[PDB]
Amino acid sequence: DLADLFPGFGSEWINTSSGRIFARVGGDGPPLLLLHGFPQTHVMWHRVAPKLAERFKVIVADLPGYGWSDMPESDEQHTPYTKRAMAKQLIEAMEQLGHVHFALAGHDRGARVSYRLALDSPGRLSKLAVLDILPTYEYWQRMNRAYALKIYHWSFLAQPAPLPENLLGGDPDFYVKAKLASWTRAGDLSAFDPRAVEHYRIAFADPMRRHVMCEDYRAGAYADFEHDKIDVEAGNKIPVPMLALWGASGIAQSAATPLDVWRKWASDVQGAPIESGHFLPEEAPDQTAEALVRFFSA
């Protein structure tokens, strides 16, 4: 009873070696892959992907393990939910469609996959936009009292299983709603289309989906940080022209000035704040869409 929020978009179940990636696919022109983050699914793009689809073949995919994508079984190192792995799996998915070179915009966890993709396999990306993130390394390196309080869930969801899972399972609805709400500008759910919230809530209702989210966060604390650490200590920069968009009241701007940070990671980065909380494409769809269209159309 989940709404179809991408009227006119097709649906694809893309097989990869790590499981099927679900995607809505619409538009035509150059391929643009949109990746959501937590605690969301591909439908968070539903307000901007139509605009995007006027100019691009828009592929709106659920991350590995999220939404209707399959859930690779994780391991002690949370390997399939490391951004490196997810990027490789999304690269595979895109190859299934014939897209070996594509534009990529990610938000939140999807943005982490995206900049990791761009570090690991920059030849896959024409351009990269990341929405309301700094690299995982930067969040962890900026993890002082103020920021540990702000993004407590980085520590909490990365606790060994089954601790987050057990607590999240008592009232999953509360938690997904709380995160959605608290990272918006308003502090409530009013930015979101209720039909979109239903998608998030239903995804969150599945204990396996929750586990995957924790795995994602577990990777975010461990391997993802390690991978980032290697690159930043090696001076490895993303060579792909990139856009860093962040919400003026989003999470990234709370750790540090986002463009300063990103210029350390990317040799060709432009940046813009958007008056918005974390959920740029739902809180600020027009502004987001326009920034992405302008960037990817250059």
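The first residue of the sequence shown is number 1, and the count goes up from there.
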{"query": "Residue stretch of maximal mean CA temperature factor, 229-237 vs 255-263", "finding": "255-263"}
{"query": "Given 29-37 and 54-62, the range whose Cα B-factors average higher in the PDB entry", "finding": "54-62"}
{"query": "Which of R109, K88, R142, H153 ranks first by CA B-factor in the deposited coordinates", "finding": "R142"}
{"query": "Ranked C-alpha temperature factor of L168 among modelled chain residues, by third", "finding": "middle"}
{"query": "Relative C-alpha B-factor of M94, binned into the chain's lowest, middle or highest third", "finding": "lowest"}
{"query": "Modelled-residue ranking by C-alpha temperature factor, third containing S182", "finding": "highest"}
{"query": "Where the record places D75 (Cα B-factor, split into thirds across the chain)", "finding": "highest"}
{"query": "Where the record places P273 (Cα B-factor, split into thirds across the chain)", "finding": "middle"}
